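Content type mmCIF, C-alpha atoms, from the file structure_36.cif:
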data_coords
#
loop_
_atom_site.label_atom_id
_atom_site.label_comp_id
_atom_site.auth_asym_id
_atom_site.auth_seq_id
_atom_site.Cartn_x
_atom_site.Cartn_y
_atom_site.Cartn_z
CA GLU A 7 58.97 51.68 -42.26
CA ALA A 8 61.84 51.72 -44.76
CA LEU A 9 60.67 54.06 -47.54
CA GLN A 10 60.19 56.74 -44.88
CA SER A 11 63.98 56.90 -44.57
CA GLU A 12 65.28 55.02 -47.63
CA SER A 13 63.12 56.83 -50.18
CA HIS A 14 63.64 60.23 -48.54
CA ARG A 15 67.35 59.61 -47.88
CA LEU A 16 67.95 58.42 -51.45
CA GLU A 17 66.20 61.38 -53.08
CA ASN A 18 68.59 63.63 -51.13
CA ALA A 19 71.86 61.78 -51.69
CA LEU A 20 70.76 61.70 -55.34
CA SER A 21 70.25 65.47 -55.59
CA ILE A 22 73.55 65.89 -53.73
CA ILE A 23 75.12 63.96 -56.61
CA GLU A 24 73.41 66.22 -59.13
CA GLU A 25 74.83 69.30 -57.46
CA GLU A 26 78.35 67.89 -57.39
CA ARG A 27 77.87 67.12 -61.08
CA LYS A 28 77.04 70.77 -61.76
CA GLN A 29 79.87 71.91 -59.48
CA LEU A 30 82.21 69.74 -61.55
CA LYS A 31 80.99 71.10 -64.88
CA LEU A 32 81.89 74.52 -63.46
CA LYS A 33 85.40 73.52 -62.39
CA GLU A 34 85.84 72.34 -65.98
CA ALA A 35 85.10 75.83 -67.29
CA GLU A 36 87.41 77.33 -64.66
CA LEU A 37 90.32 75.17 -65.80
CA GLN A 38 89.81 76.22 -69.41
CA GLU A 39 89.72 79.91 -68.48
CA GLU A 40 92.76 79.34 -66.27
CA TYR A 41 94.41 77.47 -69.14
CA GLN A 42 93.72 80.41 -71.45
CA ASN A 43 94.99 83.03 -69.00
CA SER A 44 98.11 81.04 -68.21
CA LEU A 45 99.00 81.12 -71.92
CA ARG A 46 98.41 84.81 -72.58
CA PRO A 47 101.93 86.12 -71.75
CA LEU A 48 103.51 83.22 -73.66
CA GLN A 49 101.50 84.14 -76.73
CA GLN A 50 102.35 87.79 -76.10
CA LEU A 51 106.01 86.84 -76.26
CA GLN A 52 105.39 85.11 -79.57
CA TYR A 53 103.94 88.23 -81.18
CA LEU A 54 106.35 90.70 -79.61
CA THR A 55 109.38 88.66 -80.64
CA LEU A 56 108.33 88.88 -84.27
CA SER A 57 108.70 92.67 -84.30
CA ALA A 58 111.64 93.26 -82.01
CA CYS A 59 114.17 90.46 -82.37
CA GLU A 60 116.74 89.29 -84.88
CA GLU A 61 115.16 86.88 -87.31
CA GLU A 62 118.22 84.60 -87.23
CA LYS A 63 117.98 84.37 -83.44
CA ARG A 64 114.21 84.20 -83.18
CA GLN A 65 113.99 80.44 -83.68
CA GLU A 66 116.10 79.79 -80.60
CA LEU A 67 113.60 82.07 -78.88
CA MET A 68 110.60 80.13 -80.17
CA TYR A 69 112.19 76.91 -78.94
CA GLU A 70 112.33 78.28 -75.40
CA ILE A 71 108.75 79.51 -75.81
CA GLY A 72 107.77 75.99 -76.80
CA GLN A 73 109.59 74.59 -73.78
CA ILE A 74 107.41 76.81 -71.60
CA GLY A 75 104.43 75.67 -73.64
CA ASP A 76 105.06 72.08 -72.54
CA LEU A 77 105.33 72.87 -68.83
CA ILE A 78 101.99 74.67 -68.98
CA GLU A 79 100.62 71.87 -71.13
CA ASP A 80 101.62 69.31 -68.52
CA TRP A 81 100.15 71.39 -65.68
CA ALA A 82 96.74 71.84 -67.30
CA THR A 83 96.36 68.27 -68.55
CA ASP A 84 97.33 67.00 -65.11
CA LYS A 85 94.54 69.10 -63.66
CA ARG A 86 92.23 67.93 -66.44
CA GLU A 87 93.00 64.38 -65.34
CA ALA A 88 92.17 65.16 -61.71
CA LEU A 89 88.74 66.44 -62.78
CA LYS A 90 88.24 63.34 -64.90
CA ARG A 91 88.89 61.16 -61.85
CA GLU A 92 86.30 63.21 -59.96
CA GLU A 93 83.89 62.71 -62.85
CA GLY A 94 84.18 58.95 -62.40
CA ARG A 95 83.77 59.05 -58.62
CA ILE A 96 80.53 61.03 -58.96
CA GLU A 97 79.22 58.76 -61.70
CA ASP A 98 80.08 55.72 -59.61
CA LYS A 99 78.18 57.17 -56.66
CA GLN A 100 75.22 57.90 -58.96
CA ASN A 101 74.86 54.33 -60.22
CA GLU A 102 75.23 52.95 -56.69
CA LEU A 103 72.31 55.08 -55.55
CA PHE A 104 70.39 54.12 -58.70
CA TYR A 105 70.87 50.47 -57.77
CA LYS A 106 69.89 51.31 -54.21
CA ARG A 107 66.59 52.81 -55.38
CA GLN A 108 65.66 49.83 -57.58
CA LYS A 109 66.15 47.42 -54.66
CA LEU A 110 64.34 49.74 -52.24
CA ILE A 111 61.24 49.37 -54.42
CA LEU A 112 61.54 45.64 -53.76
CA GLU A 113 61.77 46.31 -50.03
CA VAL A 114 58.60 48.42 -50.02
CA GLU A 115 56.80 45.48 -51.72
CA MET B 1 96.95 36.13 -15.67
CA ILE B 2 100.47 36.21 -17.05
CA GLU B 3 99.43 34.82 -20.43
CA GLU B 4 97.24 37.78 -21.31
CA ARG B 5 100.04 39.91 -19.86
CA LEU B 6 102.47 38.41 -22.37
CA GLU B 7 100.06 38.64 -25.30
CA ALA B 8 99.48 42.37 -24.78
CA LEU B 9 103.24 43.02 -24.63
CA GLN B 10 103.72 41.35 -28.00
CA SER B 11 100.99 43.24 -29.86
CA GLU B 12 102.40 46.45 -28.41
CA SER B 13 105.87 45.58 -29.69
CA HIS B 14 104.38 44.76 -33.08
CA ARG B 15 102.32 47.96 -33.00
CA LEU B 16 105.21 50.22 -31.97
CA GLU B 17 107.73 48.60 -34.31
CA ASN B 18 105.33 48.80 -37.26
CA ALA B 19 104.34 52.45 -36.85
CA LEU B 20 108.03 53.33 -36.51
CA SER B 21 108.94 51.60 -39.76
CA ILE B 22 106.07 53.40 -41.51
CA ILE B 23 107.23 56.82 -40.36
CA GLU B 24 110.89 56.24 -41.22
CA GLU B 25 109.95 55.39 -44.80
CA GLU B 26 107.51 58.28 -45.08
CA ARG B 27 110.22 60.66 -43.87
CA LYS B 28 112.51 59.24 -46.54
CA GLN B 29 109.68 59.65 -49.04
CA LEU B 30 109.08 63.26 -48.02
CA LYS B 31 112.75 64.22 -48.28
CA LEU B 32 112.85 62.79 -51.80
CA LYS B 33 109.86 64.76 -53.04
CA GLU B 34 111.43 67.82 -51.44
CA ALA B 35 114.55 67.57 -53.57
CA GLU B 36 112.29 66.60 -56.46
CA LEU B 37 110.58 69.95 -56.04
CA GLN B 38 113.77 71.98 -55.82
CA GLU B 39 114.89 70.22 -59.00
CA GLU B 40 111.57 70.72 -60.79
CA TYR B 41 111.56 74.37 -59.71
CA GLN B 42 114.94 75.10 -61.29
CA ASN B 43 114.24 73.11 -64.46
CA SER B 44 110.94 74.98 -64.85
CA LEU B 45 112.84 78.27 -64.91
CA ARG B 46 115.71 77.28 -67.21
CA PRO B 47 113.84 78.32 -70.41
CA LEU B 48 112.71 81.56 -68.75
CA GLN B 49 116.28 82.49 -67.91
CA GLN B 50 117.35 81.43 -71.39
CA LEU B 51 115.01 84.05 -72.81
CA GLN B 52 116.30 86.74 -70.46
CA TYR B 53 119.79 86.05 -71.74
CA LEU B 54 118.81 85.69 -75.38
CA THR B 55 116.61 88.79 -75.54
CA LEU B 56 119.46 90.98 -74.32
CA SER B 57 121.55 90.22 -77.40
CA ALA B 58 118.88 89.84 -80.07
CA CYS B 59 116.05 92.29 -79.37
CA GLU B 60 115.61 96.03 -79.71
CA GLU B 61 116.40 97.84 -76.48
CA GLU B 62 113.20 99.90 -76.52
CA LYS B 63 111.06 96.74 -76.68
CA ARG B 64 112.86 94.32 -74.34
CA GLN B 65 111.25 95.86 -71.26
CA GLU B 66 107.91 94.72 -72.65
CA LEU B 67 109.30 91.21 -73.06
CA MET B 68 110.77 91.10 -69.55
CA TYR B 69 107.34 92.05 -68.22
CA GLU B 70 105.79 89.04 -69.91
CA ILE B 71 108.65 86.87 -68.65
CA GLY B 72 107.85 88.03 -65.14
CA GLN B 73 104.19 87.17 -65.63
CA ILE B 74 105.29 83.63 -66.39
CA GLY B 75 107.69 83.45 -63.46
CA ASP B 76 104.73 84.34 -61.24
CA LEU B 77 102.87 81.31 -62.55
CA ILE B 78 105.76 78.94 -61.88
CA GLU B 79 106.13 80.64 -58.50
CA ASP B 80 102.55 79.85 -57.54
CA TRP B 81 102.79 76.30 -58.85
CA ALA B 82 105.91 75.64 -56.78
CA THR B 83 104.91 77.37 -53.54
CA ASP B 84 101.59 75.52 -53.54
CA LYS B 85 103.56 72.34 -54.10
CA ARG B 86 105.86 73.51 -51.29
CA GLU B 87 102.88 73.91 -48.99
CA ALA B 88 101.63 70.43 -49.83
CA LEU B 89 104.99 69.03 -48.73
CA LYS B 90 104.88 71.10 -45.55
CA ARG B 91 101.49 69.53 -44.80
CA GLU B 92 102.94 66.03 -45.10
CA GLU B 93 105.77 66.98 -42.75
CA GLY B 94 103.33 67.94 -40.00
CA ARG B 95 101.27 64.79 -40.53
CA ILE B 96 104.32 62.64 -39.81
CA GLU B 97 105.36 64.81 -36.87
CA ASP B 98 101.81 64.38 -35.62
CA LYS B 99 102.01 60.58 -35.78
CA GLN B 100 105.35 60.82 -33.98
CA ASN B 101 103.95 62.93 -31.16
CA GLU B 102 100.94 60.64 -30.72
CA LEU B 103 103.38 57.79 -30.20
CA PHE B 104 105.62 59.68 -27.79
CA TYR B 105 103.24 61.29 -25.32
CA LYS B 106 101.14 58.19 -24.64
CA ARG B 107 104.39 56.43 -23.62
CA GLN B 108 106.54 59.11 -21.92
CA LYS B 109 108.10 56.44 -19.69
CA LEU B 110 111.69 57.34 -20.73
#
What do you get writing this file as structure tokens?
Amino acid sequence: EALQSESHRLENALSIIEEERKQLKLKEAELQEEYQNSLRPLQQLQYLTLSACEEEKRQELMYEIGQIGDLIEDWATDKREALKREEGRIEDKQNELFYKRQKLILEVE
Amino acid sequence: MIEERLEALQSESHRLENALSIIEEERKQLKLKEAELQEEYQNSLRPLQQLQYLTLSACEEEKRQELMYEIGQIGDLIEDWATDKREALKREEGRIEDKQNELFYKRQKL
């Protein structure tokens, strides 16, 4: 009486994987929106500096702005990498369970 | 039964002495990341402060308030990034203190 558990347990751990996959695709969108929002005041400062500030001093300003660009760039890519790690862990768990199902068929034999 | 008596005393020495070396090096780890944070926090604000200074001299008075607002919006972001990092380090500190207390109150033989 293996399929009773193994087939029913596997169909549920599988669907659990498919929900975490969706949940991850959503955290991807959230990072991008967060990445956008985090850059809005920086971009604001780019535009506003054009109108208000000495042109011969504005390049020193843009350099600072770029410096802040990098910090944000490092923060978002770091996050992006975390979510890529998660994307592997889920995929790993999926294949595992795939390989569990193919051998369970053999057990039901 | 003094041979099992001796064997237990040795694994307890090994156990105690090992957990104590772990914690000492984690504490040293934690303190390093702590100063790493207070360094990262200041370096993350250096360009922000640079702009504050530079905008005073180079930008029209009537518009610099708008700039300073945007600067503040960015400071808030760094603020959240650091404090959250700060709270991660505070979590590690309790973890170690936990492991320490687990080792002290089972003994308590002074």
- Message: Assuming the chain letters and numbering stay as they are in my file, what does the PyMOL selection byres ((chain A) within 12 of (chain B)) actually select? List them as a PyMOL selection string.
- Response: chain A and resi 40-41+43-78+80-82+85
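Picture a line from CA of residue 27 (chain A) to CA of residue 110 (chain A); it runs 23.7 Å.
Straight-line separation from CA of residue 96 (chain B) to CA of residue 23 (chain B): 6.5 Å.
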- Message: Excluding residue 16 (chain B) and its own-chain neighbours fewer than 5 positions away, which residues fall within 12 Å of it when counting all atoms listed in the file? Please give them as an MDAnalysis selection string.
- Response: chainID B and resid 9:11 21:23 99:100 102:104 106:107
- Using the chain letters and numbering of this document, enumerate as a list in words the residues selected by the PyMOL selection byres ((chain A and resi 23) around 12). residues 16, 17, 18, 19, 20, 21, 22, 24, 25, 26, 27, 28, 29, 30, 92, 93, 94, 95, 96, 97, 98, 99, 100, 101, 102, 103 and 104 of chain A
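Between CA of residue 11 (chain A) and CA of residue 113 (chain A) the separation is 12.1 Å.
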- What's the 10 Å shell around residue 41 (chain B), counting all atoms listed in the file, without same-chain residues fewer than 6 positions away, as a ChimeraX atom specification? /B:35,78-79,81-83,85
Determine the axis-aligned bounding box of all atoms of region 13-17 of chain B present in the file, pad each side by 5 Å, and express its centre and edge lengths in Å to one decimal place as JSON.
{"center_x": 105.0, "center_y": 47.5, "center_z": -32.0, "size_x": 15.4, "size_y": 15.5, "size_z": 14.6}
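Each of B:7, B:34, B:12, B:76 was compared to residue 88 (chain B) using all atoms listed in the file, and B:34 turns out to be the nearest.
When the PyMOL selection byres ((chain B and resi 30) around 12) is evaluated against the file, it yields residues 23, 24, 25, 26, 27, 28, 29, 31, 32, 33, 34, 35, 36, 37, 86, 88, 89, 90, 91, 92, 93, 94, 95, 96 and 97 of chain B.
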